[PDB]
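# Structure assessment
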Amino acid sequence: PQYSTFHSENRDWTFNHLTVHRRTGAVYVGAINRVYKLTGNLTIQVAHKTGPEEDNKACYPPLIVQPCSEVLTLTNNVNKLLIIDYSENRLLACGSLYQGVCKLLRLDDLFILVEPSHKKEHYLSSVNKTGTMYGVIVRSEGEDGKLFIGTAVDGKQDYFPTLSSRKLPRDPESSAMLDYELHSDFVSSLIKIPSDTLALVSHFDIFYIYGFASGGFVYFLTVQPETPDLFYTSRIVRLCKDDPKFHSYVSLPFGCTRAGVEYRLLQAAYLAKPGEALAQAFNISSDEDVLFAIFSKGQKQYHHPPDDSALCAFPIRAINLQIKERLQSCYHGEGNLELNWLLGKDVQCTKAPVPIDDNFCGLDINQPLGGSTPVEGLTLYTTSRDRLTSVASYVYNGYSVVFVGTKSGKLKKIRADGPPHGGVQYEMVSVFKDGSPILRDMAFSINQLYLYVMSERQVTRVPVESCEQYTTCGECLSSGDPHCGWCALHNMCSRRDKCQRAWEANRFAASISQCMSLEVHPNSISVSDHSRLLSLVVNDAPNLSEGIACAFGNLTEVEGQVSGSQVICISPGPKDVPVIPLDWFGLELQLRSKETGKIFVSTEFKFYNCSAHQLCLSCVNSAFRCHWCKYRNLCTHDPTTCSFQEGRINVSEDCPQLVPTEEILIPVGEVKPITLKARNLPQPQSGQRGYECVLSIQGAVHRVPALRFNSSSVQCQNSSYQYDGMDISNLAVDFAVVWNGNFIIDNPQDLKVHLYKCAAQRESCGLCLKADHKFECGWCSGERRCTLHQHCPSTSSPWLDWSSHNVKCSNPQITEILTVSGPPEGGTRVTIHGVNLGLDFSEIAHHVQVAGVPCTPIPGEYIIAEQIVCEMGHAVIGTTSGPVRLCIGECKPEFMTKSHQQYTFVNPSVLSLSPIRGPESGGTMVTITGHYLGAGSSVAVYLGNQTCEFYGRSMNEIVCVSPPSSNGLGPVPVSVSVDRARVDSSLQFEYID
Amino acid sequence: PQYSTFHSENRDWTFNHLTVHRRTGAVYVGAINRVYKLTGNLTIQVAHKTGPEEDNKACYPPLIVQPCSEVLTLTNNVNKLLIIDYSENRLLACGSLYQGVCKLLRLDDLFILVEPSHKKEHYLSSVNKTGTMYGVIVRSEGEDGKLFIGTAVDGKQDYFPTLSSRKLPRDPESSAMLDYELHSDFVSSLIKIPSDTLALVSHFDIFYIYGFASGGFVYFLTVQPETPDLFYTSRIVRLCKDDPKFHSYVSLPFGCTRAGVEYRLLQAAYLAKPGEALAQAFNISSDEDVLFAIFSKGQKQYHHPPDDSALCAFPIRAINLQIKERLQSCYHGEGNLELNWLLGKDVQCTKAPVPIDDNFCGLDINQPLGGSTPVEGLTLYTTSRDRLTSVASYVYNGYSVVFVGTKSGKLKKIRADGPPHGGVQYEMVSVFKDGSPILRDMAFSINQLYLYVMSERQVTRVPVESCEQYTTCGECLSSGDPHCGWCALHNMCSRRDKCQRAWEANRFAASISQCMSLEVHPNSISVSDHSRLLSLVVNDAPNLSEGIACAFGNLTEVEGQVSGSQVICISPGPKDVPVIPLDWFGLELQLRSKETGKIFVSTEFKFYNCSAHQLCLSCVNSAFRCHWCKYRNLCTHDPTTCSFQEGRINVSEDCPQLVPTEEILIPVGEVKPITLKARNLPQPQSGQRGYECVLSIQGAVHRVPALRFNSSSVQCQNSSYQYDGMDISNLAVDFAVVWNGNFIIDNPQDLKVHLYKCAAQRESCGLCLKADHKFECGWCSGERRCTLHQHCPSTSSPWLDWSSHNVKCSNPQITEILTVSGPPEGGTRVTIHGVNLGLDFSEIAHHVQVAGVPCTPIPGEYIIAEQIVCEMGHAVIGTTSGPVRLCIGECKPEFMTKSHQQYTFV
């Protein structure tokens, strides 16, 4: 995954600019202290040295013109401009060293041709910051050459023009090399920043981000502070290619807007062609120029632009038009020139009957010309965090593809479409692992297969395309990547020219609709059904007539027979069929193109083992075509192998099932028959044995033979059953009905036999009578145990069973009761748990008493004969504590129960609170200390009518969380109420602000 | 001495139980084959028959429920329970017949009201041995009735509960009569002996000796074998009166100890009140309950308990306390329940915060409850041989009186006092002559005057007290019998309420110090001093003002004069005074109350005869006030009757008398005066003659007048005396000195005059000189006779008298000698008797010879001049026999004697 790359010789010698020779493919890198020439794959050929050199920016004129008194420092020479002069096979390189002098280098060896340094203007600027200077070379046929150059000046407004045109004579040894194109007192090919403007506003300067030639004009894109937080303005500056007087100078703001965000800070730009979608969107020819630009949100933070940034497009035509309209309105006498930083003041437009042509190049009046109304671009794409930093674009197959660098070293691939979407990112590559921001200069290899991209530390050759990353025709043709098509027979996503035989029928899909799927019939076969002929159909296929082979996973590959989009193939033979893990086994059935040699389509093919099913219902309900052979008692794929035609079963409905009856109750140790009902029981055929019932009891499994009366009924013979443990009274046991030794009849309901021993579970009379009347299990007095009448001897007629329930059950006892203590006021909910209580609520009611005190029981809370929940009444009585009494219904001497331990009455009290004070909002953890705090059922804590949130309770303390004082700050009462008792006290709680 | 008694109709139909109706006094006896109703004095009114009936103990259910296949025998119906149901005027009687069915009988006629017999529990037990079952009826006001019953079960642990509570409805015809108070599978008003316990130990059983209700509880006292010789344990079993579930069941051992003996085998018991002494000893109110119990020594021999047995007392309060402490420690989780025969095993107590009140009636946990540490009683009394067999008690005048039966038919009356003594037996009655043991059931008549006591053959009504047996105030009030006081005027030991007028002054003595006594002055009178007034004082007397009479033994009864406690009476008159046996004569002087008619006090009164004394010394030394009248020569009580004031003698010192002098020697036929000495000789007064001396000689009594020189000396005048006979040389004669004719002066020494004759007695010279030197009688040669110098003429100076004894005598002769023969060897003691031998031994020694053979005489054996005892020397000499020779001192020719017959040697 590694691209060709070139690193800087040193960590401080950062890269600045980059250009590729359109004809040679030679790569030129403008760097600190170095100008590099490299091969296509970034192998260095020449390293031209440009620094460092001792210098001082205060030294003006430079050391090469004058000796300097200032102290010198070894200074880095920043590349500030790098431009190929194609006509003259040379390269222009200008550094920051010595006030910004320039060099001309020969392309092949970078040998210095000349270095103009005697005239004042031969020094461009002392600024040592990149992204502030840009140049454009313009040389027609009959002209020797011209250079337009714009630069920040660093306040040295008298040292350096901000924009100017220079001579670029074909002859390197011309004395006028880099001289002003025109230079007189009041008419020169240059613009100077007025002294008054720097005085008014500093650090006022003009930064030249980008420049280009289009038609009969040159264009510069600038950023500069605005003139009366610091606000900046991004502008388009236009000049005619032929205009020594600079009378054609005109300057308009520009930017773009989307989704309520104005993007006004220019970051980067690139001239390209529209592509079909934008050409239509802009109403222009497909070979007209479009300006692609990056802007950051707003008009502030020039040195650290907002991450929120946008890619925008400006048709050159739309720009020229807005410029013409401006010229026209001005030459009609409307408004002012509106360029304060230069004109210094308000200057009114002068009306003059001059026709403003498309190629109007200005006059003496109405120039230079500014303007306030911005040129609006079409916003194509925006990001919120990974700030866009660079841009390059080109047209592939009518699609405008835009490459956008990011501050984190990512490269975005945007496909440009007009409204309403604007642009779509179809890929983002991670180019620089160190996360270094992508610099402005990006350039294509001569045939646009690669895009050269740079960071401060690195130049990297990035493939325009990585289509191979899409592994299905679907992914490939829906990626949105203009370069990517589907190479059908090679099963590969690639460029058309990368797909072999792409020009032949259906070899290359350019549209999702031109993609494949594979249909097989049958889509599954019995494992025993080998050497089958299968019918394969290829949807959306190309010519397969060259030949097709079928691959059954790893198992097999046989030559298929081809007729159109239909393929016929023989399935694996006996030796080669897969083995099934114990019902089926899937694999990918694949077609290999004989034309290309590549597998290009696939689909799942499954082998099954009807034999895997060994019960009728299982076999029948298989997902695959299986048949149950009634008599042969097996599952098969081939119905003709059943013993008789009558033996074939296809649906579960007629599978020889057991129907349910009322619950099967079986006592342990008693001889009983178990009649069963069922449906479609088979008559055992020749060589087949009869029916048995198998009981799956962990302790012991019993095998009892049975007789099948008819299709509907069965019956195990008289036998007794038992299990060891005596742990559980009611044990349900799964039973399986088998015939012929191992054929188990299906049991959908999963009917089970309940083996009961009369209470393993119930030690008490109340529990037995509680249980089902069905069991017939009942309590037997003498044993003090519980079993059926059969099981218990009749000394007398009495063994007792709850007839309807009208059976009283003696000797009630109380094990333990909750809420040991309680408040004297009462209201407490006493929870009494006993063994042998009354069966009905109505009897227990009025039964309960705590000593003298009457207690009223609660119905819902009352669990028969196990537990009684009762509410105590008003206790102010003589005794401190008293025992609890239960009277089953009559307070007979046999019939009463007394508690082992006695219930104690008290009266809880509270002395103090851990935090006395707390905030009005509340939420304070209060700790109230006292005595007998634990008593009773419920607790409610009260501070100033609004309740406290309870947490935990203890004998000693109660902890709760305070409510907001809905009240005002100050003292508040604390009321605590437990049940019926409400206790109050002098300790108070103070709410604080 | 015979009490009211009732005998059994038959020798085999033994008595079993006994109860007395507190209100009617009706006596009900539970016996074999009979229930008897009797009157207070044991006269039979109704005899209700209960047997015999054909039966077999193997027949269960009984014949009245099921036909039996077992062979039947005519069976005796033993009374096993007999209880009066006071609320419902009926009686509960349960026999051994038919597995122990019960009957209810109407009190008045013993007509059967009902006989529960359809339900299993209606049959109590097949045991046919008495003293194994006991019941207690408990019926408050709002309840219809309840019966607690405990019984031995005879191993039929599934047939019969050992302890249970039953319904006793007021309505006799109730269908639930004698039904369990509560009956369910695992909760019933009953305790059953576990099967495993009988298997482990047999013949394990529980015997219920006694039962009672006290406060809010019922109590049963049991004996049973101990569980791992056979050791038995006696226990107190307590239950709350109201507790159908029997959760209140608790059981502790009990007994008592004294003098290194543990009494642990329960024999009998009885609930009573303490009496003051025990109430203080036990620190309880005098109306709290006390359990009186009999125990035998040790914990073995249940069927024949040791004779060594004890009576003990247990305050109910002390019992309840020890039970509470047990409950408390258990409900604190300490130790086990400790009742193996029932629980079967070790069961740990369960700690639970339950307050144990005085009236705690148990819960489900920690019950039934046993224990190992015994309840110790206070030992009141013990016996070693007559084994105690029964007990009953009550309080009389603050004294706890305990009645204890014995195996030999004796009834002991014990007075209970606390430590250190414990109890004191103040009486033992023999109740049954046949020696039959006293049975357990004893009961008081309604007013506790009698105690009904029974043997197997007999019911006897025994008086609580028999105070009349004490016949003197002293015996009565020192018997130690709380019932007995002294009824002064009736001279009777009795109960206070039995003494007439007991509420009047001094009529009833409750203390020995209050015993009457009688003082008389004078306490003795001369017999001649008749019709005297005497002053009688009655100490500790009651009002005598009704009248008093004095009785002088049988002799007299005269009306006395009464002033307070003083009585004055006239002594017997001349005709009626007693005669004295020859100095005095005592009799009982008695007072008879005119109010009651009874003699009630007495004291000794003596009559004397100063006249009875007839010698001065006798009269003077009398124990009574007598005076000797010197001149009138008589003893008197009245000194003013002496002749002269000078005649009165009061002390013996001046009783006049004749004093002795050297012996008075009087020769016969010689004129001699006899001077005498004496003391306080009286001067004869007017009309009185002088003194004479009278000699009392049988032959002749001589009267010689004498002169009294002074108070000290007398002398008979010159006269000669003689007596006829010549038989005895020395004749002492009593002499009496008389004056005034017949007044004889006293002679204490009884001085006599010796009349001696020169030898009437002695024919030989040796005998005279032998006699007293005093006589002066001596031998006179010429006469060949013996008389005084005066009597024999002196031809010459020679008449011979043994000077010192150095006088040789003449013509010795030998009459006869003993040991005629002798051995040649010698050594023989020769006894020679002669007439006229030597006076001294020293002369005779060396005198004696038998022929040639020397013979040595013996000093002690030698009697002067009469006999010589001599020892012969070695005889082997020539002669066979030889004559014996005596040489008085010198072998003079006149001086030698030769034996008439000769001594022979052989």
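Residues numbered from 1 in each chain as written, not as in the entry; some residues may be left out. Chains lettered and ligands numbered in written order. Heavy atoms only, no water.

Method of determination, as given in the entry header: X-ray crystallography; reported resolution: 10.000 Å.

You'll find chain B entered in the PDB entry as Plexin-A2, with Mus musculus given as the organism.

The test is simple: UniProt positions are given in the numbering used here, feature names are shortened, and annotations may be inferred rather than shown by experiment.
Looking at the PDB entry, one finds chain A named Plexin-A2 and attributed to Mus musculus. In its Sequence similarities section, UniProt records this for chain A: "Belongs to the plexin family."

## As for the pattern of salt bridges
Filter applied, for reference: Just to be clear on terms, a salt bridge is a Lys or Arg side-chain nitrogen sitting within 4 Å of an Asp or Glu carboxyl oxygen.
Evaluated as defined, the whole model comprises 65 salt bridges over all chains. Several salt bridges share partner residues, and in doing so they unite B:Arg501, B:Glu504, B:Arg507 and B:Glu595 into one network.

## A closer look at the state of the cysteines
Residues and elements named next belong to chain B. Convention followed: In plain terms, two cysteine sulfur atoms within 2.5 Å form what is called a disulfide here. Secondary structure elements follow DSSP: runs of H or I of four or more residues count as helices, runs of E of two or more count as strands, with numbering from the N terminus. Relative accessibility decides the category of a residue: with a 1.4 Å probe and only protein chains considered, values under 20% of the type maximum give buried, values over 50% give exposed, and everything between is partly exposed.
Per the stated rule, a full pass over the model turns up 43 disulfides over all chains. Residue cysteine 550 pairs covalently with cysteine 569 via a disulfide, S to S 2.0 Å. A torsion of 50 degrees about the S-S bond marks the disulfide between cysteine 550 and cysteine 569 as right-handed. Of this pair, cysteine 550 sits in strand 38 (residues 548-552) while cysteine 569 sits in strand 41 (residues 566-570), and the two are 19 residues apart along the sequence. A sulfur-sulfur distance of 2.0 Å marks the disulfide that ties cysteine 780 to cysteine 792. Judged by the torsion about the S-S bond (-70 degrees), the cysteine 780/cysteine 792 disulfide is left-handed. Residue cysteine 780 is located in strand 56 (residues 779-780), and its partner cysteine 792 is located in the loop between strand 57 (785-786) and strand 58 (814-818); the two are separated by 12 residues in the primary sequence. In terms of burial, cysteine 780 and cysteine 792 fall into one category: buried.

## As for the interface of chain B and chain A
How we decide: Throughout, a residue-residue contact means that at least one pair of heavy atoms, one from each residue, lies within 4.5 Å. The term buried area refers to how much accessible surface (probe radius 1.4 Å) is lost by two components on association, counted for both of them together. Pairs of N or O atoms within 3.5 Å make up the polar contacts considered here, provided that, within protein, one atom can donate a hydrogen while the other can accept it, and that residues adjacent in sequence are counted only when both atoms are side-chain atoms. When residues are sorted by character, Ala, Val, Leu, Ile, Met, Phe, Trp, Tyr, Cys and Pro go into the nonpolar class, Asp, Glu, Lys and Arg into the charged class, and all the rest, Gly among them, into the polar class.
Taken residue by residue, the interface counts 14 residues in chain B and 12 residues in chain A. Summing both partners gives a buried area of about 1,200 Å² for chain B against chain A, and 53% of it is carried by carbon and sulfur. For the interface between chain B and chain A, the tally reads 0 salt bridges. For the pair chain B and chain A, the number of links is 8 residue pairs in polar contact. Grouping the constituent residues of the side of chain B that touches chain A by class yields 9 nonpolar, 2 polar and 3 charged.

## Observations concerning the packing of aromatic side chains
Where we set the bar: Stacked, tilted and edge-to-face are the three classes assigned to paired rings of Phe, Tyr and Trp, where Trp is represented by its six-membered ring and a pair needs centres within 6.5 Å; plane angles under 30 degrees give stacked, over 60 edge-to-face, the rest tilted. The criterion for a charge sitting over a ring is simple: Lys NZ or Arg CZ within 6 Å of the ring centre, and within 35 degrees of the ring normal.
Counted according to the given criterion, the structure contains 61 aromatic pairs over all chains. Relative to B:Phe905, the ring of B:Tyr903 has its centre 5.2 Å away and its plane inclined at 70 degrees; by these criteria the two rings are edge-to-face. In this pair, the class of B:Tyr903 matches that of B:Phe905, namely buried. Above the plane of the ring of A:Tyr723 lies A:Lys757, whose end atom (NZ or CZ) is 4.0 Å from the centre.

## Topic: the environment of A:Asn77
Residue and element names in this part refer to chain A. Residue position: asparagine 77 is located in the loop between strand 7 (73-75) and strand 8 (79-85). Ignoring anything within four residues of it in the chain, the contact list for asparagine 77 reads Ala31, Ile32, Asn33, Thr50, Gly51, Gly95, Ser96 and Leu97. Separated by 2.8 Å, the side chain of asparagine 77 and the backbone oxygen of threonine 50 make a polar contact.

## Examining a nonpolar patch on the surface
Residue and element names in this part refer to chain A. We apply this condition: Patch membership requires over 30% relative accessible area and the absence of a salt bridge. Like charges are linked within 9 Å, and nonpolar side chains (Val, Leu, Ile, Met, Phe, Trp, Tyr) within 5 Å. The method behind every accessible area is Shrake-Rupley, applied with a 1.4 Å probe, and residues are considered shielded solely by the protein chains displayed.
Side chains of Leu533, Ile568 and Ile570 sit close together on the surface and give an oily, nonpolar patch of about 270 Å² of accessible area. Mapped onto the secondary structure, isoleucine 570 falls in strand 41 (residues 566-570). On the accessibility criterion, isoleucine 570 (46% relative accessible area) is partly exposed.

## With respect to the nonpolar core
All names here are of chain B. We count it as follows: Put simply, a nonpolar core is a bunch of buried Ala, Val, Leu, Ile, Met, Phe, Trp, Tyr and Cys residues held in one set by side-chain atoms that sit within 4.5 Å of each other.
One finds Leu221, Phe254, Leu291, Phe295 and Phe314 to be the most contacted residues of the largest nonpolar core, which totals 45 residues. For this core, the elements supplying multiple residues, two or more each, are strand 16 (207-214), strand 17 (217-225), strand 18 (232-240), strand 19 (250-258), strand 20 (261-272), strand 21 (290-297), strand 22 (309-315) and helix 3 (316-330). The biggest single contributor to this core is strand 20, with 6 residues. For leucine 291, the contacting residues outside a window of four places in its chain are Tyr210, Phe212, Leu221, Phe254, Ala269, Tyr270, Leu271, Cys312, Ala313, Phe314 and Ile316.

## Structural notes on the domain arrangement of chain B
We apply this condition: Domain limits in this description derive from either an automatic procedure or a database domain assignment.
Along its sequence, chain B is organised into domain 1 (5-376), domain 2 (516-608), domain 3 (611-654), domain 4 (657-756) and domain 5 (814-905). Look at where the C-alpha atoms of domain 2 of chain B and domain 4 of chain B centre, and you get two points 50 Å apart.

## Observations concerning the UniProt feature "disulfide bond" in chain B
Residues and elements named next belong to chain B. Checking the UniProt disulfide annotation for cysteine 467 and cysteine 484 gives a sulfur-sulfur distance of 2.0 Å, short enough (under 2.5 Å) to count the bond as formed. With a gap of 17 residues between them, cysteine 467 in the loop between strand 31 (458-463) and helix 5 (473-476) and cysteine 484 in the loop between helix 5 and strand 32 (485-487) connect regions that are remote in the sequence. Judged by relative accessible area, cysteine 467 falls into the buried class, the value being 0%. The exposure class assigned to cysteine 484 is buried, which follows from its relative accessible area of 8%. Disulfide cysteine 476/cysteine 493 (UniProt): S-S 2.0 Å, present in this structure. Of the two residues, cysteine 476 sits in helix 5 while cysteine 493 sits in strand 33 (residues 492-494), which places them 17 residues apart along the sequence.

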